[PDB]
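Asker: model this:
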Amino acid sequence: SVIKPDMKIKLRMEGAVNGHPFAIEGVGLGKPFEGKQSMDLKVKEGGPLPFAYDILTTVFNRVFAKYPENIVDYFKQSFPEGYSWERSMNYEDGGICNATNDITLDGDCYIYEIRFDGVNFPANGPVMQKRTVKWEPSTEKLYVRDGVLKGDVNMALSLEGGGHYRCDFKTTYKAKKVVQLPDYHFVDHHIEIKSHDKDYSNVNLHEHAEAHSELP
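Answerer: Residues are numbered from 1 along each chain as shown. The protein structure is shown below:
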(Lines give C-alpha, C1' and ligand atoms only; values in the text may rest on other atoms or scores of the structure.)
Protein backbone atom coordinates (compact mmCIF):
# COMPACT_ATOMS: atom_id res chain seq x y z
CA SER A 1 0.00 0.00 0.00
CA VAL A 2 1.26 3.45 -0.99
CA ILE A 3 -0.90 5.10 1.68
CA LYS A 4 1.05 5.12 4.96
CA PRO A 5 -0.16 6.15 8.48
CA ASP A 6 1.99 9.28 8.26
CA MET A 7 2.43 11.20 5.03
CA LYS A 8 3.82 14.52 3.83
CA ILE A 9 2.36 17.34 1.75
CA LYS A 10 3.90 19.79 -0.68
CA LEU A 11 1.93 22.35 -2.66
CA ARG A 12 2.00 25.53 -4.69
CA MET A 13 -1.00 27.70 -5.46
CA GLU A 14 -1.03 30.33 -8.18
CA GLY A 15 -4.13 32.45 -8.55
CA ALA A 16 -5.90 35.78 -8.57
CA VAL A 17 -8.71 37.57 -6.75
CA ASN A 18 -10.59 40.37 -8.49
CA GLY A 19 -7.79 40.42 -11.07
CA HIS A 20 -4.91 40.68 -8.59
CA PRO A 21 -2.38 37.80 -8.84
CA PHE A 22 -0.68 36.03 -5.96
CA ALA A 23 1.12 32.78 -5.20
CA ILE A 24 1.49 30.66 -2.06
CA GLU A 25 3.44 27.53 -1.20
CA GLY A 26 3.03 24.99 1.56
CA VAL A 27 4.53 22.05 3.37
CA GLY A 28 2.62 19.74 5.67
CA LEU A 29 1.92 16.31 7.09
CA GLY A 30 -1.11 14.27 7.96
CA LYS A 31 -2.64 10.99 9.01
CA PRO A 32 -4.75 9.71 6.07
CA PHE A 33 -6.50 7.04 8.14
CA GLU A 34 -7.29 9.44 11.00
CA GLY A 35 -8.58 12.13 8.66
CA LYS A 36 -6.20 14.74 10.06
CA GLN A 37 -3.66 17.09 8.53
CA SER A 38 -1.82 20.35 9.19
CA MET A 39 0.42 22.54 7.06
CA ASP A 40 2.45 25.73 7.02
CA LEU A 41 1.66 28.13 4.19
CA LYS A 42 3.83 30.97 2.91
CA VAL A 43 2.78 33.76 0.54
CA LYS A 44 5.39 33.99 -2.25
CA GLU A 45 3.79 36.58 -4.54
CA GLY A 46 1.09 39.23 -4.30
CA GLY A 47 1.55 39.92 -0.61
CA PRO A 48 0.25 41.43 1.50
CA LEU A 49 -2.97 39.69 0.43
CA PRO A 50 -5.82 42.28 0.24
CA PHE A 51 -8.57 39.65 0.70
CA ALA A 52 -9.71 37.33 3.50
CA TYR A 53 -7.29 34.39 3.65
CA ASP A 54 -10.22 32.17 4.61
CA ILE A 55 -11.44 31.95 1.00
CA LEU A 56 -8.28 29.96 0.25
CA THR A 57 -8.13 27.45 3.09
CA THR A 58 -10.44 24.74 1.76
CA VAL A 59 -8.42 24.72 -1.46
CA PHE A 60 -5.24 23.89 0.48
CA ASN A 61 -7.28 16.56 -0.38
CA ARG A 62 -10.05 14.18 0.65
CA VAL A 63 -7.48 11.41 1.05
CA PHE A 64 -7.20 13.00 4.50
CA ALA A 65 -10.58 11.78 5.69
CA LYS A 66 -11.32 8.86 7.99
CA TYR A 67 -13.31 6.38 5.92
CA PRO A 68 -14.95 3.48 7.75
CA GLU A 69 -14.57 0.04 6.18
CA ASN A 70 -18.20 0.02 5.05
CA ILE A 71 -17.76 3.00 2.69
CA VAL A 72 -15.83 2.83 -0.58
CA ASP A 73 -12.85 5.16 -0.36
CA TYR A 74 -12.57 6.75 -3.81
CA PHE A 75 -9.52 8.77 -2.78
CA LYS A 76 -7.12 6.28 -1.20
CA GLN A 77 -7.98 3.92 -4.09
CA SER A 78 -6.77 6.46 -6.65
CA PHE A 79 -3.12 6.27 -5.63
CA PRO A 80 -0.32 5.93 -6.49
CA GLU A 81 -1.60 7.48 -9.75
CA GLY A 82 -3.64 10.07 -7.84
CA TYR A 83 -6.61 12.24 -8.74
CA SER A 84 -7.61 15.82 -9.45
CA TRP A 85 -10.54 18.01 -8.48
CA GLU A 86 -12.32 21.11 -9.72
CA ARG A 87 -14.54 23.36 -7.64
CA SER A 88 -16.69 26.45 -7.83
CA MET A 89 -17.46 28.34 -4.63
CA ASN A 90 -20.48 30.61 -4.93
CA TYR A 91 -20.69 33.27 -2.20
CA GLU A 92 -24.08 34.77 -1.40
CA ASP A 93 -23.01 38.27 -2.39
CA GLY A 94 -21.92 37.24 -5.87
CA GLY A 95 -18.24 36.57 -5.31
CA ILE A 96 -17.31 33.40 -7.21
CA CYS A 97 -14.13 31.35 -6.80
CA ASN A 98 -13.03 28.57 -9.15
CA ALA A 99 -10.21 26.26 -8.02
CA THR A 100 -8.45 23.11 -9.15
CA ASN A 101 -5.94 20.73 -7.63
CA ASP A 102 -4.02 18.00 -9.41
CA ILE A 103 -2.71 15.65 -6.73
CA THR A 104 0.18 13.31 -7.34
CA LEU A 105 2.35 11.18 -5.08
CA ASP A 106 6.13 11.11 -4.82
CA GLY A 107 7.16 8.49 -2.30
CA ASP A 108 5.31 9.42 0.89
CA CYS A 109 4.61 13.00 -0.13
CA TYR A 110 1.44 14.20 -1.84
CA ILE A 111 2.17 16.99 -4.32
CA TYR A 112 -0.47 19.59 -5.20
CA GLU A 113 -0.58 21.83 -8.27
CA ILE A 114 -3.28 24.41 -7.42
CA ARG A 115 -4.99 27.20 -9.38
CA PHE A 116 -7.35 29.69 -7.67
CA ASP A 117 -9.43 32.40 -9.33
CA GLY A 118 -12.01 34.57 -7.62
CA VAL A 119 -14.03 37.37 -9.17
CA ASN A 120 -16.79 39.87 -8.39
CA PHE A 121 -16.09 40.26 -4.67
CA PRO A 122 -17.65 43.60 -3.60
CA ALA A 123 -15.08 46.14 -2.36
CA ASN A 124 -17.17 46.65 0.79
CA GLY A 125 -17.88 42.95 1.30
CA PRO A 126 -16.58 40.76 4.17
CA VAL A 127 -13.94 39.24 1.91
CA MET A 128 -12.31 42.44 0.64
CA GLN A 129 -12.84 44.12 4.04
CA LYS A 130 -11.30 41.10 5.79
CA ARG A 131 -14.15 40.53 8.26
CA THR A 132 -14.16 36.73 8.26
CA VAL A 133 -13.36 34.79 11.43
CA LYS A 134 -13.39 31.13 10.41
CA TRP A 135 -15.35 28.51 8.50
CA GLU A 136 -17.95 26.69 10.58
CA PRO A 137 -17.70 22.88 10.64
CA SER A 138 -19.57 21.30 7.71
CA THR A 139 -20.97 18.15 6.16
CA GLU A 140 -20.13 17.44 2.54
CA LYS A 141 -22.59 15.33 0.55
CA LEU A 142 -20.88 13.02 -1.94
CA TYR A 143 -22.53 11.24 -4.84
CA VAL A 144 -21.57 9.72 -8.17
CA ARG A 145 -22.50 11.25 -11.51
CA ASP A 146 -21.47 10.05 -14.95
CA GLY A 147 -18.75 7.81 -13.56
CA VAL A 148 -17.04 10.46 -11.44
CA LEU A 149 -17.46 11.68 -7.86
CA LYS A 150 -19.23 14.89 -6.86
CA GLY A 151 -19.15 16.64 -3.52
CA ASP A 152 -21.41 19.52 -2.49
CA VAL A 153 -21.37 21.45 0.77
CA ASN A 154 -23.13 24.42 2.35
CA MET A 155 -20.37 26.48 3.92
CA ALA A 156 -20.52 29.46 6.24
CA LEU A 157 -17.94 31.98 7.43
CA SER A 158 -18.62 33.59 10.80
CA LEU A 159 -18.19 37.38 10.63
CA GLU A 160 -16.53 39.77 13.08
CA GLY A 161 -19.60 41.99 13.03
CA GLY A 162 -21.65 38.96 13.99
CA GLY A 163 -23.70 36.62 11.82
CA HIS A 164 -22.56 34.47 8.92
CA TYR A 165 -21.54 34.74 5.27
CA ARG A 166 -22.72 31.79 3.17
CA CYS A 167 -21.15 30.04 0.21
CA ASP A 168 -22.09 26.95 -1.77
CA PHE A 169 -19.36 24.50 -2.83
CA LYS A 170 -19.64 22.18 -5.84
CA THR A 171 -16.64 19.89 -6.33
CA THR A 172 -15.87 17.24 -8.93
CA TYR A 173 -13.29 14.57 -8.10
CA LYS A 174 -11.64 12.54 -10.86
CA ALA A 175 -9.33 9.59 -10.21
CA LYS A 176 -6.49 9.10 -12.72
CA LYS A 177 -7.32 5.40 -13.00
CA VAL A 178 -10.39 3.17 -12.75
CA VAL A 179 -11.48 2.76 -9.12
CA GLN A 180 -14.61 1.43 -7.40
CA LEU A 181 -17.26 4.15 -7.06
CA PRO A 182 -18.82 4.76 -3.62
CA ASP A 183 -22.50 5.01 -2.76
CA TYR A 184 -24.06 8.25 -1.51
CA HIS A 185 -22.30 9.31 1.69
CA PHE A 186 -21.05 12.19 3.80
CA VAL A 187 -17.82 13.69 5.06
CA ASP A 188 -17.84 15.94 8.11
CA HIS A 189 -15.17 18.63 8.01
CA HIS A 190 -13.69 21.16 10.38
CA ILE A 191 -10.98 23.42 9.01
CA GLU A 192 -9.11 25.85 11.24
CA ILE A 193 -6.28 28.35 10.98
CA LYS A 194 -4.38 27.61 14.21
CA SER A 195 -1.89 30.45 13.80
CA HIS A 196 -0.85 33.18 11.37
CA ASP A 197 1.20 36.35 11.39
CA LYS A 198 -0.12 39.90 10.97
CA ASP A 199 -0.64 39.88 7.19
CA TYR A 200 -1.09 36.12 6.82
CA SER A 201 2.30 35.82 5.13
CA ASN A 202 2.61 32.71 7.30
CA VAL A 203 -0.31 30.46 8.17
CA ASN A 204 -0.61 27.19 10.08
CA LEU A 205 -3.66 25.29 8.85
CA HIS A 206 -5.38 22.19 10.22
CA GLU A 207 -8.32 20.03 9.11
CA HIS A 208 -10.38 17.24 10.74
CA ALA A 209 -12.51 15.03 8.46
CA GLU A 210 -14.49 11.80 8.88
CA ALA A 211 -16.91 10.05 6.55
CA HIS A 212 -20.14 8.31 7.48
CA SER A 213 -22.85 6.51 5.55
CA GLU A 214 -25.91 7.28 7.70
CA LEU A 215 -27.51 10.27 9.33
CA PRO A 216 -30.50 10.76 11.61
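
Asker: Can you give me every residue that contacts the most centrally placed residue in the chain?
Answerer: Note on the chain: the residue nearest the mean C-alpha position is residue 58, at 2.8 Å, using C-alpha atoms, centre = their mean. By C-beta atoms under 8 Å, 6 or more residues apart in numbering, the contact list for residue 58 reads 89, 135, 155, 169, 191. For the C-beta atoms, the positions are set from N, CA and C on the backbone; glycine is no exception.

Asker: Who is the residue nearest to the first one when sequence neighbours are not counted paired with across the strands?
Answerer: Counting by C-beta to C-beta, 6 or more residues apart in numbering, the nearest residue to residue 89 once its immediate chain neighbours are dropped is residue 97, at 4.3 Å. Per DSSP bridges, residues listed as beta-bridge partners of residue 97: residue 89, residue 118.

Asker: Contact partners for residue 97?
Answerer: So residue 97 contacts 17, 55, 88-89, 91, 116-119 (C-beta under 8 Å, 6+ apart).

Asker: I'd like the distance between the residue nearest to residue 94 when sequence neighbours are not counted and residue 127.
Answerer: Excluding the flanking residues, the one nearest residue 94 by C-beta to C-beta, 6+ apart is residue 120, at 5.0 Å. Applying C-beta to C-beta, to the nearest Å, the value for residue 120 to residue 127 is 10 Å.

Asker: And residue 97, by the same measure?
Answerer: 9 Å.

Asker: Which neighbours do those two have in common?
Answerer: Common contacts of residue 97 and residue 127, defined by C-beta under 8 Å, 6+ apart, comprise 55, 91.
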